[PDB]
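**Student:** structure-v1.cif is reproduced in full below (mmCIF, C-alpha atoms).
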```cif
data_entry
#
loop_
_atom_site.group_PDB
_atom_site.id
_atom_site.type_symbol
_atom_site.label_atom_id
_atom_site.label_comp_id
_atom_site.auth_asym_id
_atom_site.auth_seq_id
_atom_site.Cartn_x
_atom_site.Cartn_y
_atom_site.Cartn_z
ATOM 1 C CA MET A 1 52.793 40.873 67.067
ATOM 2 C CA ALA A 2 54.058 43.915 65.060
ATOM 3 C CA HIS A 3 52.838 47.551 65.381
ATOM 4 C CA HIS A 4 52.219 49.717 62.271
ATOM 5 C CA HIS A 5 53.651 53.227 62.826
ATOM 6 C CA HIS A 6 52.151 56.493 61.530
ATOM 7 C CA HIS A 7 54.834 58.727 59.886
ATOM 8 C CA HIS A 8 55.332 62.376 61.093
ATOM 9 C CA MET A 9 57.301 65.314 59.519
ATOM 10 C CA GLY A 10 60.420 66.595 61.389
ATOM 11 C CA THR A 11 59.657 70.338 60.802
ATOM 12 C CA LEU A 12 62.545 71.612 63.042
ATOM 13 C CA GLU A 13 64.122 75.121 63.184
ATOM 14 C CA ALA A 14 66.972 75.427 65.715
ATOM 15 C CA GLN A 15 68.729 78.523 67.224
ATOM 16 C CA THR A 16 72.330 79.918 67.207
ATOM 17 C CA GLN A 17 74.847 78.569 69.800
ATOM 18 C CA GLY A 18 76.297 80.787 72.584
ATOM 19 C CA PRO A 19 79.953 82.110 72.946
ATOM 20 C CA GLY A 20 82.879 79.864 74.070
ATOM 21 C CA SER A 21 85.547 81.065 76.584
ATOM 22 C CA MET A 22 89.217 82.195 76.984
ATOM 23 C CA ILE A 23 92.114 82.019 79.530
ATOM 24 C CA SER A 24 94.998 84.401 80.415
ATOM 25 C CA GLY A 25 98.546 83.279 81.399
ATOM 26 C CA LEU A 26 98.586 86.092 84.022
ATOM 27 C CA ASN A 27 96.172 83.855 86.091
ATOM 28 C CA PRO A 28 93.338 85.166 88.444
ATOM 29 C CA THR A 29 95.123 87.565 90.875
ATOM 30 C CA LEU A 30 91.629 87.845 92.499
ATOM 31 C CA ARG A 31 89.818 84.654 93.662
ATOM 32 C CA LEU A 32 86.792 83.428 95.677
ATOM 33 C CA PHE A 33 86.724 80.123 97.645
ATOM 34 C CA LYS A 34 84.117 78.128 99.648
ATOM 35 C CA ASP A 35 85.521 75.508 102.164
ATOM 36 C CA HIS A 36 88.968 76.405 100.643
ATOM 37 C CA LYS A 37 87.572 75.068 97.296
ATOM 38 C CA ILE A 38 87.944 77.298 94.175
ATOM 39 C CA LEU A 39 84.476 78.896 93.778
ATOM 40 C CA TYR A 40 85.378 81.747 91.416
ATOM 41 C CA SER A 41 88.459 83.182 89.636
ATOM 42 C CA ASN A 42 88.885 86.846 88.445
ATOM 43 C CA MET A 43 91.435 89.652 87.752
ATOM 44 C CA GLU A 44 91.636 93.056 89.525
ATOM 45 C CA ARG A 45 92.735 94.685 86.198
ATOM 46 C CA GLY A 46 91.048 94.316 82.781
ATOM 47 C CA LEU A 47 87.325 93.642 82.106
ATOM 48 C CA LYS A 48 85.092 92.943 85.182
ATOM 49 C CA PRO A 49 87.748 93.939 87.910
ATOM 50 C CA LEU A 50 87.626 93.717 91.757
ATOM 51 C CA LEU A 51 85.754 97.076 91.609
ATOM 52 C CA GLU A 52 82.900 95.829 89.330
ATOM 53 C CA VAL A 53 82.497 92.363 91.027
ATOM 54 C CA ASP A 54 82.188 94.483 94.251
ATOM 55 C CA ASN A 55 79.744 96.968 92.587
ATOM 56 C CA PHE A 56 77.339 94.010 92.265
ATOM 57 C CA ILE A 57 78.478 91.392 94.910
ATOM 58 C CA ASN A 58 74.819 90.644 95.794
ATOM 59 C CA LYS A 59 73.808 90.301 92.124
ATOM 60 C CA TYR A 60 76.856 88.322 90.815
ATOM 61 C CA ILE A 61 77.554 86.265 93.978
ATOM 62 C CA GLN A 62 74.441 84.661 95.563
ATOM 63 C CA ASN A 63 76.773 82.716 97.978
ATOM 64 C CA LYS A 64 78.403 85.945 99.406
ATOM 65 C CA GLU A 65 77.512 84.572 102.869
ATOM 66 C CA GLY A 66 80.597 83.214 104.767
ATOM 67 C CA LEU A 67 82.670 83.109 101.525
ATOM 68 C CA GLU A 68 86.515 83.433 101.136
ATOM 69 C CA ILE A 69 88.482 85.876 98.902
ATOM 70 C CA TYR A 70 92.095 86.230 97.594
ATOM 71 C CA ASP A 71 93.797 89.467 96.353
ATOM 72 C CA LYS A 72 97.319 90.821 95.557
ATOM 73 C CA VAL A 73 97.993 93.737 97.928
ATOM 74 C CA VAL A 74 95.745 94.826 100.837
ATOM 75 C CA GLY A 75 96.415 98.591 100.927
ATOM 76 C CA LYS A 76 94.069 101.311 102.336
ATOM 77 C CA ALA A 77 91.773 101.014 99.241
ATOM 78 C CA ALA A 78 91.802 97.210 99.454
ATOM 79 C CA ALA A 79 91.063 97.505 103.256
ATOM 80 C CA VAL A 80 88.003 99.772 102.768
ATOM 81 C CA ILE A 81 86.854 97.644 99.757
ATOM 82 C CA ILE A 82 87.204 94.256 101.631
ATOM 83 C CA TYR A 83 85.326 95.854 104.593
ATOM 84 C CA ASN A 84 82.633 97.054 102.062
ATOM 85 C CA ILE A 85 82.363 93.491 100.654
ATOM 86 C CA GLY A 86 82.169 92.214 104.240
ATOM 87 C CA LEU A 87 84.013 88.891 103.962
ATOM 88 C CA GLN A 88 85.294 87.045 107.051
ATOM 89 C CA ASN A 89 87.901 84.842 105.274
ATOM 90 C CA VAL A 90 90.562 86.548 103.092
ATOM 91 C CA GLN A 91 94.031 85.866 101.596
ATOM 92 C CA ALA A 92 96.607 88.263 100.006
ATOM 93 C CA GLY A 93 100.266 88.306 98.874
ATOM 94 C CA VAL A 94 101.213 91.581 100.611
ATOM 95 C CA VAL A 95 99.472 93.877 103.200
ATOM 96 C CA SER A 96 99.907 97.434 104.691
ATOM 97 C CA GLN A 97 100.154 97.420 108.594
ATOM 98 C CA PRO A 98 96.981 99.661 109.248
ATOM 99 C CA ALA A 99 95.103 97.470 106.705
ATOM 100 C CA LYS A 100 96.074 94.070 108.289
ATOM 101 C CA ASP A 101 95.379 95.561 111.724
ATOM 102 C CA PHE A 102 91.895 96.833 110.642
ATOM 103 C CA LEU A 103 90.973 93.461 109.030
ATOM 104 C CA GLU A 104 92.018 91.320 112.083
ATOM 105 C CA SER A 105 90.397 94.041 114.280
ATOM 106 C CA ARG A 106 86.983 93.543 112.552
ATOM 107 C CA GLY A 107 87.501 89.808 113.344
ATOM 108 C CA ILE A 108 88.279 88.933 109.703
ATOM 109 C CA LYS A 109 90.360 85.710 109.427
ATOM 110 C CA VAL A 110 93.104 86.622 106.893
ATOM 111 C CA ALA A 111 96.304 85.004 105.416
ATOM 112 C CA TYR A 112 98.900 87.607 104.164
ATOM 113 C CA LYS A 113 102.502 89.003 104.525
ATOM 114 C CA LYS A 114 104.378 92.282 105.230
ATOM 115 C CA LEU A 115 106.950 93.353 107.916
ATOM 116 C CA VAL A 116 105.990 97.017 108.656
ATOM 117 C CA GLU A 117 104.768 99.100 111.631
ATOM 118 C CA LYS A 118 103.596 102.347 109.948
ATOM 119 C CA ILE A 119 102.821 103.434 106.336
ATOM 120 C CA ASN A 120 103.433 107.238 106.195
ATOM 121 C CA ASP A 121 99.835 108.496 105.694
ATOM 122 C CA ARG A 122 98.861 111.678 107.625
ATOM 123 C CA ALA A 123 95.229 110.431 108.231
ATOM 124 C CA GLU A 124 96.599 108.038 110.913
ATOM 125 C CA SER A 125 97.965 110.818 113.237
ATOM 126 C CA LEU A 126 94.956 113.136 112.511
ATOM 127 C CA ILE A 127 91.744 111.003 112.738
ATOM 128 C CA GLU A 128 90.728 109.874 116.292
ATOM 129 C CA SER A 129 88.057 107.292 115.392
ATOM 130 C CA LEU A 130 89.472 104.891 112.696
ATOM 131 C CA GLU A 131 85.971 103.239 112.767
ATOM 132 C CA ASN A 132 84.605 105.021 109.677
ATOM 133 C CA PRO A 133 86.290 103.952 106.328
ATOM 134 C CA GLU A 134 84.952 107.201 104.731
ATOM 135 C CA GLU A 135 87.304 109.406 106.807
ATOM 136 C CA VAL A 136 90.454 107.621 105.522
ATOM 137 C CA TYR A 137 88.876 107.114 102.008
ATOM 138 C CA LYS A 138 89.195 110.909 101.337
ATOM 139 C CA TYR A 139 92.921 110.866 102.292
ATOM 140 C CA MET A 140 93.216 107.665 100.215
ATOM 141 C CA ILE A 141 92.187 109.862 97.198
ATOM 142 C CA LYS A 142 94.739 112.555 98.302
ATOM 143 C CA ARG A 143 97.699 110.096 98.262
ATOM 144 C CA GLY A 144 95.976 108.289 95.326
ATOM 145 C CA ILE A 145 96.484 104.712 96.663
ATOM 146 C CA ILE A 146 93.014 103.717 95.264
ATOM 147 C CA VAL A 147 94.638 102.946 91.891
ATOM 148 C CA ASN A 148 97.085 99.982 92.113
ATOM 149 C CA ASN A 149 99.991 101.850 90.459
ATOM 150 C CA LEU A 150 103.274 102.590 92.330
#
```
What would you get if you wrote out this structure as structure tokens?
**Tutor:**
Amino acid sequence: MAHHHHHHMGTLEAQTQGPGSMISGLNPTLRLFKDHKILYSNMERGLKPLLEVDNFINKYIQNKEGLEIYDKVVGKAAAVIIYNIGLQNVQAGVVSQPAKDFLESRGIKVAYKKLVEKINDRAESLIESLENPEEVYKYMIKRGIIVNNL
């Protein structure tokens, strides 16, 4: 038994396709992981840096909770910033002694390298309570170690 079909006009009107993507041979010097698995990949310089992905962590990263991060150099600015982000699992290539100390002191599990005892910054010998990142942040402007440029 066959069925006779009733014909119908297509009448379709589609929309433009979205943008593609690009890579850089420099590779993501900044990175986010979950269960050591690559969650996200980013640069600290260029468009959408470590500063901007911080400036909306909550909005960009829904899974901020218990997440891991990777950076280049944990200086004073990177110490205050990582503390501002509030991540418990971090990795870096290099780290300043007061920075590594502060991170491990907050109970942040970190993987990084540098053999030093003291970075010559006068805030250390002046400020009694190294609890508040805003005290050192001002001196961080004074020495200008907020910009990653030697």
**Student:** With 4 Å added on each side, what axis-aligned box encloses every listed atom of stretch 36-54 of chain A? Give the centre and edge lengths in Å to one decimal, as lines of an AutoDock Vina configuration file.
**Tutor:**
```
center_x = 87.5
center_y = 86.1
center_z = 91.4
size_x = 18.5
size_y = 30.0
size_z = 26.5
```
**Student:** Using the chain letters and numbers from this file, what does the PyMOL selection byres ((chain A and resi 133-136) around 10) select? Give the answer as a ChimeraX atom specification.
**Tutor:** /A:76-77,79-81,83-84,121-124,126-127,129-132,137-142
**Student:** Would you compute the distance between atom CA of residue A:29 and atom CA of residue A:72? Give it in Å to one decimal.
**Tutor:** 6.1 Å
**Student:** I need the output of the PyMOL selection byres ((chain A and resi 109) around 6) for this file as a compact mmCIF listing (two decimals) with C-alpha atoms, in the frame of the given file; which residues are they?
**Tutor:**
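What landed in part-v1.txt:
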```txt
# COMPACT_ATOMS: atom_id res chain seq x y z
CA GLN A 88 85.29 87.04 107.05
CA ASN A 89 87.90 84.84 105.27
CA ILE A 108 88.28 88.93 109.70
CA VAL A 110 93.10 86.62 106.89
```
**Student:** Suppose you want the space between atom CA of residue A:93 and atom CA of residue A:30; what is it in Å?
**Tutor:** 10.7 Å
**Student:** Show which residues sit within 7 Å of stretch 31-33 of chain A, as a list in words. Count all atoms listed in the file, and ignore same-chain residues fewer than 2 positions away.
**Tutor:**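 Result of the neighbour search: residues 28, 29, 35, 36, 37, 38, 39, 40, 41, 42, 67, 68, 69, 70 and 71 of chain A.
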**Student:** Tell me, in Å to one decimal, how far atom CA of residue A:95 is from atom CA of residue A:44.
**Tutor:**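 Rounded to one decimal, the two atoms are 15.8 Å apart.
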**Student:** Of the candidates A:53, A:116, A:14, A:73, which shows the shortest atom-to-atom distance to residue A:101, using all atoms listed in the file?
**Tutor:**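 Closest to residue A:101 of all the choices is A:116.
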**Student:** Using all atoms listed in the file, find all polymer residues with an atom at most 12 Å away from the point (79.1, 89.5, 90.0); report them as a list in words.
**Tutor:**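 I get residues 32, 40, 41, 42, 48, 49, 50, 51, 52, 53, 54, 55, 56, 57, 58, 59, 60, 61, 62, 63, 64 and 85 of chain A for the residues within 12 Å of that point.
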**Student:** Compare A:16, A:45, A:74, A:82 by their minimum atom-to-atom distance to residue A:98, counting only C-alpha atoms, and give me the closest one.
**Tutor:**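 Checking each candidate against residue A:98, we get A:74 as the closest.
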